[PDB]
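Let's start with one chain on its own, the form deposited without the named molecule, as C-alpha cells.
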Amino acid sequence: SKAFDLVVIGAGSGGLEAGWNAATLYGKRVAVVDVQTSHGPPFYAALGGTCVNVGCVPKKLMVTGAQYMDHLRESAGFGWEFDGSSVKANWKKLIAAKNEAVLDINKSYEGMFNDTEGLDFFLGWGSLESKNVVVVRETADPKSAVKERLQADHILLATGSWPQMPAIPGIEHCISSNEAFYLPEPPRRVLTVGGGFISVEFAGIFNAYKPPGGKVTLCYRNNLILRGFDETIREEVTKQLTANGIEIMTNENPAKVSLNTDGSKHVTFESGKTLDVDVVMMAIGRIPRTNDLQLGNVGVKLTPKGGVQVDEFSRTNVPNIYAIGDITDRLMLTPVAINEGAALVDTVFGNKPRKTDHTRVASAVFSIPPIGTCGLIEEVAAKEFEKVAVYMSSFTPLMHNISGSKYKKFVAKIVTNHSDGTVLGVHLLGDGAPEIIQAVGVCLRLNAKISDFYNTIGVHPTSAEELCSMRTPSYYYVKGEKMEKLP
C-alpha cells in the first residue's frame, strides 16, 4: 500500500497533463494508472491515451498518406509525368510506419516517468474502492487479482471514451476505429457507419488505399453528414467526397449484418437495401468509459447520458474526486482534455482556481479536403442573437483548375453578431483549413469584429487571405429566420 497526493486513472491526454503538472509544478506525489504500456491489441488505448495510440496521432499520419493519391494525380497538371499504371498504395508499409511512430511515443512516455520525481506509473485496471483508495487489478473484472492499493488525497478520473456499438443482430461482425488501425490488409469494399468525423476521416483513408476494383461506402441515418458543422461545408464536403469515388448513403441505417461464406459481410439496412462489404466499421459515436471504475462504491453521480457529472472546475459530487476529458461527455478533443487537466491541478494544488473555457474552441476534421472551424455555426448563433450576418466566399482555387480537381471548392464563412460586428464563428473547408484556423481561435479571444479581419492586410497568394476580404454579408438571420436582406 502506497500514499499519494494525486492518483490519476488513465494515462491519457488529460491524465498525463494533470499528473506531470502536479508533480513538476507543485512538487506533489502522483500515481498514474493505465492498462497497457504501448499501443494496439488487446486494449488499443494505452500509456499516452487514445489520441496518441488509436486517435489523432496515427489517423493524421494515415490521412497524410491518403492525400498522396490526390498529389500523384494532381501533379500531372503541373507537368509531372510518370507511369501511372505502376502506382500502388502499400497499406502494410503505412501501418508499419504508423506503428513505429506510435511505439516511439509510448517509449518516450516511459522514460518520462522514469526521469520525473513524484510521478509513478502503475500497470492495470484502476477502480474506486473507497473515497480515498484506488485499487489496481489484473483485468477489468472487479474480482481479479489486486496488484496495488493506492491511497489518495485526490483522485482524478480520466479514462476517456470508447466506441459505441448499436444493438443490432450481427454487431459482432463489425469493427470500430480501434481495429481499423491494425487491419492486416486494406479492405477492398468497406462500409463506414456514421456521419461524424471518424467515419468521414476513415472513409478518406480507405478510399486511397483500397485495392483495384475497391469501393468505400459511408452511410448515415439522417439526411446530411457531419451534424454540428457548418451546413454549407457539410454539403460541400459531401460533394467533394463523392467526387473522389466515395458513395455517401444518407437516410440509411444498418439493421443487421451476417457472415457470407467467403468471409465478407452482408449488411441489411432498415430500408431493405443490402450491401456486401469486406469490412463494416461502426463510427456512430463514442461514450464515456465509466463501467470498470466501480463508481457505485463511492457514489459518483453520472449524467443521464452517462458522463461523470462535473462542475466547471471538474469536481464530482464526491469531495476530492475529479473528472476531466472524454469521460465528462462534453467536447471530446485532446487539447480540451489537456486544458481541463491543467486547470484542475492549478485549482487544487495552487493558489488560483482556473476553469476551462469550452466556447470558441478551434478544431478540425481531416477529411480530404479538410475542415477547420472555431465558434458558432449560424443556426446556433441565430437562436442566441437577434441579428446575425453570414459572410461567405466559395470558389475553386486557381491551382485546382490546373490540377484537374475542379470540384475542390474552398469555403470560408464568418458568422457575426450583426448588431456590433462581433465574430461569432469562422468555418473553413479546403487545403490548409486546420492550420488557417488556429490563430482565428486567438482572434475570438480578443473579441475580434468582422472589420478587424477586413482591415488586416492580406498575405497573398493564400486561401487564408479570403478571411480578410469579406466586407458585405451574403445573408442574415433576423429573429431566427434566414433572409438575404435586412428588414
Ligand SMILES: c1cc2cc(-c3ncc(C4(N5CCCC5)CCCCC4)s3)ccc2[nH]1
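Think of the rigid core as the biggest set of C-alphas that the two forms share within 1.5 Å after superposition. For every residue, the number given is its place in the sequence shown, counted from 1.
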Between 245-253 and 346-354, pick out the one whose C-alpha positions differ more from the shown form in 9 other deposited structures of this protein, using the rigid core for superposition.
346-354
Stretch farther from shown form by Cα RMS in 9 other deposited structures of this protein, picked from 184-192 and 257-265 after core fit, is 257-265
Please compare 20-28 with 464-472 and name the stretch with the higher mean C-alpha B-factor in the deposited structure.
20-28
Looking only at C-alpha temperature factors in the entry, 338-346 or 174-182, the higher average sits in 338-346
Highest-ranked of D278, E270, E138, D230 once sorted by CA temperature factor in the record:
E138
Using the temperature factors in the entry, find which of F202, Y322, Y407, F78 has the highest value at its Cα atom.
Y322
Quick check for you: using the entry's CA B-factors within this chain, is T242 in the lowest, middle or highest third?
lowest
By the record's CA B-factor, is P370 among the lowest, middle or highest third of residues in the chain?
lowest
Ranked against its chain, the third holding the CA B-factor of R354:
highest
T456: CA temperature factor from the record, placed by chain third, in the lowest
Taking only the Cα B-factors deposited for this chain, tell me whether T416 sits in the lowest, middle or highest third.
lowest
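Unshown form solved in complex with the named molecule; subsequent notes refer to it.
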Proximity to the named molecule in the entry with it bound (heavy atom, within 4.5 Å), stretch among 110-118, 146-154, 260-268, 347-355
110-118
Just checking whether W20 would be counted as a contact of the named molecule in the entry with it bound - the rule being heavy atoms within 4.5 angstroms.
yes
